[PDB]
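Q: Before we start, here is the structure in question, set down as structure tokens.
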Amino acid sequence: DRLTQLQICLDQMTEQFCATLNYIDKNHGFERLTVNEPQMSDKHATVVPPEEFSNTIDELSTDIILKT
Amino acid sequence: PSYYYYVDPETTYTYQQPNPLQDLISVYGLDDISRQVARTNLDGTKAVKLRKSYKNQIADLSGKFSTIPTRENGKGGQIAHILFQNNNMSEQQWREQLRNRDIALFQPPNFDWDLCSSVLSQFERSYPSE
Amino acid sequence: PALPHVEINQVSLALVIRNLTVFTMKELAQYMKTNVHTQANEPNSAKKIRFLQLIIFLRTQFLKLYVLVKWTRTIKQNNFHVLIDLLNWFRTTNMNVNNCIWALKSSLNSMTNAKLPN
Amino acid sequence: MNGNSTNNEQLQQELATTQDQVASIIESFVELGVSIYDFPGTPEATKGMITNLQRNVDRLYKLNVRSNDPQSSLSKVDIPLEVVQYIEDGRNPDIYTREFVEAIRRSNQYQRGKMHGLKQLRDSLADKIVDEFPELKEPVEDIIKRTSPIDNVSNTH
């Protein structure tokens with residue numbers, strides 16, 4: 001039964017990896033190289049506040065290593 | 001020391017070519033295209049907004065036009081389909097052959113001029129108004 | 001740097017100038033041959049109206065050509081294909097981060113058939 | 001670059017002469033159009049509009065032969081269908097350049113944001129791993145220096 005929980009933990013690693021990649025691919029924003037360049041927004045783009053963006057990055061990372 | 005799988009010190013990786021980190025407008029010399037259409041000038045001053053129509057392009061020609069011929073006003077046509085149609089001797093001679101075979105449609109018997117003189121002479125007096 | 005040049009859905013300006021010229025005098029010829037004979041169905045006043053409509057249409061087409069040549073005059077270095085190749089490179093690269101994700105997901109879906117349960 | 005520069009200069013001269021020939025054709029068209037609308041019915045006006053057609057046809061000769069001569073950069077001009085069908089809508093073609101370069105910049109900034117987000121995920125993961133696993137700190141730092149190489153195509157902006 002222990003190996004079964006191990007396999008569940010292994011594909012939970014893989015699901016966490018693809019979920020973190022999906023989150024960082026979809027919910028990232030648009031970064032200013034300089035201040036004079038135009039910052040435009042898209043209604044079809046899921047924009048998030050950057051501080052809670054980093055907080056979600058942190059909690060995704062910490063759940064990865066607590067599962068580890 | 002224990003070696004770890006697929007962590008090899010001699011294995012190295014480089015940046016993407018071209019690198020999307022840098023402003024790829026400047027890498028390919030496209031900055032001239034950038035600020036010529038920019039909505040704001042890069043000195044804090046707002047630049048002029050481009051017009052909705054091309055009236056400013058055609059503003060330098062004197063004609064009878066006051067509106068803009070579009071698809072939806074019944075003034076233009078599906079001309080792009082026609083415009084996207086496609087078909088010893090030196091390069092001078094061969095280019096002469098190409099340019100002259102592009103002249104054979106431009107002369108009689110394709111465009112008989114006596115026929116056009118007689119036909120447009122058929123227009124009677126005055127302009128009927130519709 | 002190297003960019004894969006795309007040859008899809010472009011055309012030379014000489015080709016569209018040639019196409020417009022052959023089209024305009026082909027339409028001139030086609031209006032020419034149909035209006036040789038005058039009947040009650042086609043009075044010469046209606047012939048003049050049709051000629052006015054055709055010359056207005058040709059003026060419209062050459063105005064479009066004028067706008068096109070002005071637009072080509074706006075670009076100085078004639079490097080619009082560089083911009084198109086850069087965008088097609090962007091289209092390839094944006095999918096690559098999705099492509100590795102889908103590679104991992106396909107790896108998992110092929111992995112599901114390979115366990116050994118309790 | 002010298003060949004490209006003189007090609008662009010000769011191309012600009014060709015564009016200017018095509019534009020003035022097209023302007024002459026359009027002026028001749030409005031002249032013969034108002035001649036048709038203000039027709040006096042005379043044979044002289046018939047010959048005049050014949051003459052207008054004659055100058056239009058020989059202008060078409062001159063700008064067709066310049067569309068096929070060997071010394072032509074008009075073949076080197078790259079034109080998509082979207083700009084010509086964009087003009088046929090009656091709506092301004094410099095917007096196509098404006099919106100097109102804005103799409104370039106928008107995609108570049110989307111990619112740069114994804115780039116920085118991947119960097120944040122990477123180094124947060126690295127710091128957290130070396131916090132949990134002290135025995136793995138040397139391979140993690142080796143991976144970091146391997147996967148963050150010295151910038152030779154990033155120092156330029």
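Q: Scan C:54, C:86, C:68, C:63 and give me the residue that is aliphatic (A, V, I, L, M) and surrounded by fewer than 19 Cβ atoms within 10 Å (Cβ to Cβ).
A: Being aliphatic (A, V, I, L, M) and surrounded by fewer than 19 Cβ atoms within 10 Å (Cβ to Cβ) holds for just one of C:54, C:86, C:68, C:63, which is C:54.
Q: When residue B:80 is evaluated against the numbered criteria (1) more than 30 Å from residue D:150 (Cα to Cα); (2) among the small types (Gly, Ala, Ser); (3) loosely packed, with under 15 Cβ neighbours inside 10 Å, which criterion, by number, is the only one it fails?
A: Every listed condition holds for residue B:80 apart from (3).
Q: Please work out if residue C:61 is at negative phi and not in a helix (DSSP H, G or I).
A: No: the conditions fail for residue C:61.
Q: Can you name every residue in the stretch D:38-53 that is exposed (fewer than 14 other Cβ atoms within 10 Å of the Cβ) and not in a loop (DSSP other than H, G, I, E, B)?
A: The answer is D:43, D:44, D:47, D:51.
Q: In the stretch B:44-66, what count of residues is obtained for those that are at the interface with chain D (Cβ under 9 Å from one of its Cβ atoms) and part of a loop (DSSP other than H, G, I, E, B)?
A: The total comes to 12.
Q: Could you list, in sequence order, the residues of the stretch A:47-68 that are touching a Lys or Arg at 6+ places or on another chain (Cβ under 6 Å) and more than 26 Å from residue A:9 (Cα to Cα)?
A: none
Q: Could you tell me whether the stretch D:62-71 includes any residue that is among the hydrophobic types (A, V, I, L, M, F, W, C), at the interface with chain B (Cβ under 9 Å from one of its Cβ atoms) and more than 15 Å from residue C:70 (Cα to Cα)?
A: Scanning the stretch D:62-71, I find at least one residue that is among the hydrophobic types (A, V, I, L, M, F, W, C), at the interface with chain B (Cβ under 9 Å from one of its Cβ atoms) and more than 15 Å from residue C:70 (Cα to Cα), so the answer is yes.
Q: Counting only residues that are within 7 Å of another protein chain (Cβ to nearest Cβ) and of a type in the set (A, V, I, L, M), which one in the stretch D:100-128 is farthest from residue C:71 (Cα to Cα)?
A: D:125
Q: Could you grab the pairs with beta carbons closer than 7 Å, sequence gap of 6+ or different chains, first residue in the stretch B:27-41 and closer than 16 Å to residue D:108 by Cα, second one among the charged types (D, E, K, R) and in a loop (DSSP other than H, G, I, E, B)?
A: none
Q: Next question. For residues that are polar (S, T, N, Q), touching a helix residue (DSSP H, G or I) at 6+ places or on another chain (Cβ under 6 Å) and buried (at least 16 other Cβ atoms within 10 Å of the Cβ), scanning just the stretch D:73-99, find the one that is farthest from the other protein chains (Cβ to nearest Cβ).
A: My answer is D:73.
Q: Please work out if residue B:24 is surrounded by 10 or more Cβ atoms within 10 Å (Cβ to Cβ), of a type outside the set (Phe, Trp, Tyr) and closer than 27 Å to residue C:84 by Cβ.
A: yes
Please note: Cβ atoms are built from the backbone with ideal geometry, for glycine as well, and neighbour counts cover all protein chains shown. Readers should treat all values here as calculations from the given coordinates under stated rules, not as data from a laboratory.
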